[PDB]
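Shown next, in structure tokens, is the structure this report addresses.
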Amino acid sequence: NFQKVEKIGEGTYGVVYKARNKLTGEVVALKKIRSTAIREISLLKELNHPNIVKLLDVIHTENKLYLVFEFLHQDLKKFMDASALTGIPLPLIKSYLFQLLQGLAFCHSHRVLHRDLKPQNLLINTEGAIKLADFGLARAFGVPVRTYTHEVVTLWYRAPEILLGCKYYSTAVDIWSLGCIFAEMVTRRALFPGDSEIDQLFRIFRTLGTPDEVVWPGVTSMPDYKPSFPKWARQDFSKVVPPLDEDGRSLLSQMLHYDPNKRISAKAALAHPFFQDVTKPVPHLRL
Ligand SMILES: CC(C)c1cnn2c(NCc3ccccc3)cc(NC[C@H]3CCNC[C@@H]3O)nc12
């Protein structure tokens with residue numbers, strides 16, 4: 001049914017090809033992965049939003065699960081690499097953040113989490129849109145330590161409650177990841193580039209302060225919390241994300257609250273004064 005055009009990427013779970021539907025003529029991204037999973041994933045065919053990469057079809061055959069997605073011409077990680085020398089202009093950053101919070105707000109209203117947001121999962125088009133890829137896949141299959149190609153699954157965007165062993169992730173884990181992504185677009189460097197769970201957690205602690213019962217009630221009771229964690233002081237955001245303005249720094253602070261109950265929701269974030277002058281700029285793309 002599908003003519004492969006080219007290999008475009010490697011997902012957590014399987015290879016992705018650009019492909020053409022042989023009888024509709026449609027160009028699609030075809031994910032090939034080598035049955036609660038099938039039910040859960042089938043449900044995602046109905047979770048449709050303009051900022052969520054469209055799941056067109058789920059095809060289970062021959063010990064393989066094919067997910068047929070809408071095709072987008074570039075990812076944000078590539079966009080960010082391509083703009084390394086002047087950075088993404090702030091208005092486009094704000095537009096992108098605003099549109100991703102809409103995607104989160106939508107899925108979270110339906111109690112679907114992503115749980116593995118990262119630049120690689122943010123795809124863009126020539127219309128100035130940005131969309132979230134792989135929503136719902138982590139609940140269906142888990143998030144493994146390595147991908148199907150053995151590549152290390154990045155920890156850089158992982159919320160602290162996950163690293164401390166909380167088993168019952170809330171929608172707040174996506175807000176944490178998206179705040180790390182926001183900081184990275186602004187500064188052009190990963191905010192917390194951990195290379196192990198403990199290095200990730202100590203990178204967080206060194207910037208935001210080691211958490212305690214004062215900022216995060218119940219934290220000392222979490223499974224992987226140790227009294228022996230070093231006790232680091234918090235730094236000013238002014239130093240973390242220059243030259244983000246006061247509104248942006250205030251929003252980023254609320255997206256990176258330790259306590260998941262206090263972390264801003266996607267819906268409340270949409271109302272933040274940072275978005276008072278939000279516009280939809282069209283980026284420059286080399287296809
Ligand atoms: C599977 C679906 C989510 C998808 C739609 N467009 N598209 C593009 N397009 C960007 C692109 C186009 C052409 C060449 C390279 C990259 C790349 C890509 N890469 C594999 C992704 C899928 C999601 N997770 C991270 C992986 O890198 N996955 C997708």
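FYI, nothing fancy with the structure tokens labels: chains A, B, ... in order, residues from 1 per chain, ligands from 1 as they appear.
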Give me the residues near range 209-215 of chain A as a compact mmCIF listing (two decimals) with N, CA, C and O atoms, in the first residue's frame, where near means some atom within 9 Å (using only C-alpha atoms) and where sequence neighbours in that chain fewer than 2 positions away do not count.
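As a result, selection_0.txt now contains:
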# COMPACT_ATOMS: atom_id res chain seq x y z
N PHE A 202 21.30 16.01 39.64
CA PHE A 202 22.20 17.06 40.20
C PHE A 202 22.33 18.34 39.35
O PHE A 202 22.42 19.45 39.90
N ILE A 204 19.78 19.56 37.67
CA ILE A 204 18.57 20.31 38.08
C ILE A 204 18.75 21.01 39.44
O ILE A 204 18.46 22.22 39.60
N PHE A 205 19.26 20.25 40.40
CA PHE A 205 19.45 20.74 41.78
C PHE A 205 20.41 21.93 41.81
O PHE A 205 20.16 22.91 42.53
N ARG A 206 21.50 21.84 41.05
CA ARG A 206 22.45 22.95 41.01
C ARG A 206 21.91 24.27 40.47
O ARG A 206 22.37 25.36 40.87
N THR A 207 20.93 24.19 39.58
CA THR A 207 20.33 25.42 39.05
C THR A 207 19.14 25.87 39.91
O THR A 207 19.05 27.06 40.29
N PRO A 217 6.45 19.54 49.29
CA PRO A 217 5.98 18.66 50.37
C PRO A 217 5.93 17.19 49.93
O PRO A 217 5.34 16.88 48.87
N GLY A 218 6.59 16.31 50.70
CA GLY A 218 6.55 14.88 50.38
C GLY A 218 7.81 14.44 49.61
O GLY A 218 8.07 13.24 49.47
N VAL A 219 8.57 15.39 49.10
CA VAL A 219 9.78 15.04 48.31
C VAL A 219 10.74 14.05 49.05
O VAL A 219 11.21 13.10 48.43
N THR A 220 10.97 14.27 50.35
CA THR A 220 11.95 13.43 51.09
C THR A 220 11.41 11.99 51.25
O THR A 220 12.14 11.07 51.66
N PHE A 229 21.80 13.55 49.39
CA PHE A 229 21.91 14.45 48.22
C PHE A 229 22.61 15.70 48.69
O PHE A 229 22.25 16.21 49.74
N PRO A 230 23.59 16.21 47.93
CA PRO A 230 24.09 17.52 48.35
C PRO A 230 23.02 18.62 48.34
O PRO A 230 22.08 18.56 47.53
N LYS A 231 23.18 19.63 49.20
CA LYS A 231 22.13 20.65 49.38
C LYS A 231 22.65 21.92 48.71
O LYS A 231 23.40 22.66 49.35
N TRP A 232 22.31 22.11 47.42
CA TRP A 232 22.75 23.30 46.63
C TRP A 232 21.74 24.45 46.70
O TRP A 232 20.54 24.19 46.76
N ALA A 233 22.24 25.69 46.61
CA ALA A 233 21.42 26.91 46.59
C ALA A 233 20.85 27.16 45.21
O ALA A 233 21.47 26.81 44.21
N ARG A 234 19.67 27.76 45.16
CA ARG A 234 19.07 28.11 43.89
C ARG A 234 19.79 29.31 43.22
O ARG A 234 20.26 30.20 43.90
N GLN A 235 19.86 29.34 41.89
CA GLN A 235 20.35 30.54 41.21
C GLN A 235 19.21 31.38 40.65
O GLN A 235 18.08 30.86 40.52
N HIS A 257 8.56 24.66 38.38
CA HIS A 257 8.30 24.42 39.80
C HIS A 257 8.58 22.95 40.11
O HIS A 257 8.17 22.00 39.34
N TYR A 258 9.24 22.70 41.24
CA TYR A 258 9.49 21.31 41.66
C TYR A 258 8.22 20.60 41.91
O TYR A 258 8.03 19.44 41.51
N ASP A 259 7.30 21.27 42.61
CA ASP A 259 6.15 20.54 43.06
C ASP A 259 5.18 20.46 41.88
O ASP A 259 4.70 21.50 41.44
Contact table chain A vs ligand 1, cut-off 8 Å, shortest pair per residue, only C-alpha atoms and all ligand atoms, as CSV:
residue,atom,partner,partner_atom_place_in_ligand_line,distance
A:7,CA,ligand 1,14 (C),7.5
A:8,CA,ligand 1,15 (C),4.4
A:9,CA,ligand 1,20 (C),4.0
A:10,CA,ligand 1,20 (C),5.2
A:11,CA,ligand 1,26 (C),4.2
A:12,CA,ligand 1,24 (N),6.8
A:15,CA,ligand 1,20 (C),7.3
A:16,CA,ligand 1,20 (C),5.4
A:17,CA,ligand 1,1 (C),7.7
A:18,CA,ligand 1,13 (C),7.0
A:28,CA,ligand 1,5 (C),7.1
A:29,CA,ligand 1,1 (C),4.8
A:30,CA,ligand 1,1 (C),5.9
A:31,CA,ligand 1,1 (C),5.5
A:53,CA,ligand 1,3 (C),6.2
A:67,CA,ligand 1,1 (C),7.6
A:68,CA,ligand 1,1 (C),7.3
A:69,CA,ligand 1,2 (C),5.2
A:70,CA,ligand 1,5 (C),5.5
A:71,CA,ligand 1,5 (C),4.0
A:72,CA,ligand 1,6 (N),4.1
A:73,CA,ligand 1,12 (C),4.3
A:74,CA,ligand 1,10 (C),3.8
A:75,CA,ligand 1,10 (C),5.1
A:120,CA,ligand 1,25 (C),4.7
A:121,CA,ligand 1,24 (N),4.6
A:122,CA,ligand 1,23 (C),7.8
A:123,CA,ligand 1,10 (C),6.4
A:124,CA,ligand 1,10 (C),7.7
A:132,CA,ligand 1,3 (C),7.9
A:133,CA,ligand 1,3 (C),4.6
A:134,CA,ligand 1,23 (C),5.5
Can I get the selected residues back with N, CA and C atoms, as an mmCIF file, in the first residue's frame?
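As a result, result22.cif now contains:
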data_model
loop_
_atom_site.group_PDB
_atom_site.id
_atom_site.type_symbol
_atom_site.label_atom_id
_atom_site.label_comp_id
_atom_site.auth_asym_id
_atom_site.auth_seq_id
_atom_site.Cartn_x
_atom_site.Cartn_y
_atom_site.Cartn_z
ATOM 1 N N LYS A 7 14.282 7.021 3.946
ATOM 2 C CA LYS A 7 14.387 6.981 5.417
ATOM 3 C C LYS A 7 14.477 8.409 5.983
ATOM 4 N N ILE A 8 13.588 8.745 6.910
ATOM 5 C CA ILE A 8 13.675 10.056 7.512
ATOM 6 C C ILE A 8 14.133 10.134 8.963
ATOM 7 N N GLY A 9 14.036 9.041 9.722
ATOM 8 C CA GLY A 9 14.446 9.106 11.141
ATOM 9 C C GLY A 9 14.351 7.764 11.833
ATOM 10 N N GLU A 10 14.673 7.776 13.128
ATOM 11 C CA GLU A 10 14.676 6.608 13.993
ATOM 12 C C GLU A 10 13.985 7.074 15.244
ATOM 13 N N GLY A 11 12.819 6.478 15.490
ATOM 14 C CA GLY A 11 11.981 6.778 16.651
ATOM 15 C C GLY A 11 12.544 6.002 17.813
ATOM 16 N N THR A 12 11.907 6.169 18.959
ATOM 17 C CA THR A 12 12.250 5.344 20.126
ATOM 18 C C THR A 12 11.998 3.854 19.801
ATOM 19 N N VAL A 15 11.777 2.540 12.968
ATOM 20 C CA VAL A 15 12.239 3.374 11.846
ATOM 21 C C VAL A 15 11.076 4.146 11.230
ATOM 22 N N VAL A 16 11.396 5.328 10.681
ATOM 23 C CA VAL A 16 10.377 6.172 10.057
ATOM 24 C C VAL A 16 10.808 6.488 8.640
ATOM 25 N N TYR A 17 9.894 6.279 7.701
ATOM 26 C CA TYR A 17 10.184 6.554 6.301
ATOM 27 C C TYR A 17 9.201 7.609 5.838
ATOM 28 N N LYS A 18 9.654 8.462 4.958
ATOM 29 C CA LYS A 18 8.721 9.194 4.103
ATOM 30 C C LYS A 18 8.201 8.209 3.075
ATOM 31 N N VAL A 28 3.160 10.718 3.404
ATOM 32 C CA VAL A 28 2.900 10.407 4.817
ATOM 33 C C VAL A 28 4.276 10.076 5.455
ATOM 34 N N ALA A 29 4.323 10.055 6.795
ATOM 35 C CA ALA A 29 5.464 9.527 7.519
ATOM 36 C C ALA A 29 5.002 8.181 8.043
ATOM 37 N N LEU A 30 5.743 7.128 7.695
ATOM 38 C CA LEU A 30 5.316 5.776 8.028
ATOM 39 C C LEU A 30 6.268 5.221 9.101
ATOM 40 N N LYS A 31 5.769 5.001 10.308
ATOM 41 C CA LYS A 31 6.565 4.463 11.411
ATOM 42 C C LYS A 31 6.363 2.937 11.473
ATOM 43 N N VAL A 53 0.659 16.100 15.591
ATOM 44 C CA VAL A 53 0.905 15.453 14.309
ATOM 45 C C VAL A 53 -0.206 14.414 14.082
ATOM 46 N N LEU A 67 2.422 2.805 12.004
ATOM 47 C CA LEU A 67 1.666 3.998 12.318
ATOM 48 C C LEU A 67 1.877 4.948 11.156
ATOM 49 N N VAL A 68 0.770 5.378 10.532
ATOM 50 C CA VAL A 68 0.821 6.260 9.351
ATOM 51 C C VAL A 68 0.445 7.655 9.893
ATOM 52 N N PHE A 69 1.408 8.575 9.824
ATOM 53 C CA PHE A 69 1.268 9.949 10.323
ATOM 54 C C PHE A 69 1.276 10.939 9.159
ATOM 55 N N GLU A 70 0.656 12.083 9.399
ATOM 56 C CA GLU A 70 0.914 13.299 8.637
ATOM 57 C C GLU A 70 2.456 13.523 8.492
ATOM 58 N N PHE A 71 2.941 13.929 7.323
ATOM 59 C CA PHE A 71 4.311 14.269 7.082
ATOM 60 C C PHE A 71 4.599 15.750 7.294
ATOM 61 N N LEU A 72 5.658 16.073 8.063
ATOM 62 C CA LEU A 72 6.096 17.468 8.211
ATOM 63 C C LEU A 72 7.507 17.627 7.685
ATOM 64 N N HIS A 73 7.871 18.751 7.067
ATOM 65 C CA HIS A 73 9.199 18.792 6.348
ATOM 66 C C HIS A 73 10.442 18.985 7.179
ATOM 67 N N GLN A 74 10.345 19.341 8.468
ATOM 68 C CA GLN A 74 11.566 19.516 9.306
ATOM 69 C C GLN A 74 11.253 19.345 10.776
ATOM 70 N N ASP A 75 12.253 19.015 11.591
ATOM 71 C CA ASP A 75 12.064 19.024 13.058
ATOM 72 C C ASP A 75 12.719 20.233 13.722
ATOM 73 N N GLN A 120 13.357 16.713 19.243
ATOM 74 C CA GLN A 120 13.190 15.710 18.165
ATOM 75 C C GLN A 120 11.739 15.404 17.903
ATOM 76 N N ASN A 121 10.905 15.588 18.935
ATOM 77 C CA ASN A 121 9.450 15.342 18.843
ATOM 78 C C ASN A 121 8.598 16.546 18.424
ATOM 79 N N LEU A 122 9.241 17.624 17.998
ATOM 80 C CA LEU A 122 8.567 18.860 17.618
ATOM 81 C C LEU A 122 8.886 19.066 16.164
ATOM 82 N N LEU A 123 7.829 19.028 15.354
ATOM 83 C CA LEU A 123 8.006 19.121 13.919
ATOM 84 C C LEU A 123 7.349 20.396 13.393
ATOM 85 N N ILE A 124 7.951 20.963 12.350
ATOM 86 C CA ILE A 124 7.472 22.231 11.844
ATOM 87 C C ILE A 124 7.187 22.178 10.339
ATOM 88 N N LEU A 132 3.329 18.505 17.935
ATOM 89 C CA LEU A 132 3.943 17.446 18.787
ATOM 90 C C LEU A 132 3.768 16.065 18.138
ATOM 91 N N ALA A 133 4.878 15.313 17.994
ATOM 92 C CA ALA A 133 4.913 13.935 17.489
ATOM 93 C C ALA A 133 4.969 12.980 18.682
ATOM 94 N N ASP A 134 4.491 11.750 18.484
ATOM 95 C CA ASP A 134 4.566 10.641 19.473
ATOM 96 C C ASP A 134 3.695 10.802 20.727
#
* Counting only C-alpha atoms, which of A:252, A:278, A:163, A:155 gets nearest to residue 90 in chain A? -> A:278
Residue 158 in chain A environment, 8 Å, only C-alpha atoms, sequence neighbours closer than 6 positions dropped, as a JSON list (two decimals) with C-alpha atoms, in the first residue's frame:
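Saved the output as out_21.json:
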[["chain", "number", "residue", "atom", "x", "y", "z"],
["A", 116, "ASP", "CA", 8.86, 12.17, 26.41],
["A", 173, "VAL", "CA", 5.71, 16.15, 33.48],
["A", 176, "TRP", "CA", 8.49, 20.53, 32.80],
["A", 177, "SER", "CA", 9.83, 19.18, 29.51]]
* Taking into account only C-alpha atoms, which residue in the set A:110, A:94, A:262, A:32 is nearest to residue 280 in chain A? ->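 Closest to residue 280 in chain A of all the choices is A:94.
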* To do: Could you pull out the residues in range 23-230 of chain A that DSSP calls alpha helix (DSSP H) from the backbone, as an MDAnalysis selection string?
  => chainID A and resid 36:43 76:82 90:109 137:141 160:163 172:187 197:208
* Asked: So what do you get for CA of residue 91 in chain A versus CA of residue 78 in chain A, distance-wise?
  ->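 Going from CA of residue 91 in chain A over to CA of residue 78 in chain A, I get 18.7 Å.
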* Do you know which residues are at most 7 Å from residue 99 in chain A counting only C-alpha atoms, after dropping those on the same chain fewer than 3 positions away, and could you put them as a ChimeraX atom specification? -> /A:51,95-96,102-103,130
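Shell of residue 180 in chain A at 9 Å, with only C-alpha atoms counted and residues fewer than 5 places along the chain excluded, is residues 118, 156, 157, 158, 175, 185, 190, 191, 192, 252, 255 and 256 of chain A.
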* Interatomic distance, CA of residue 239 in chain A to CA of residue 92 in chain A (Å, one decimal) ->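 Computing it gives 22.3 Å between the two atoms.
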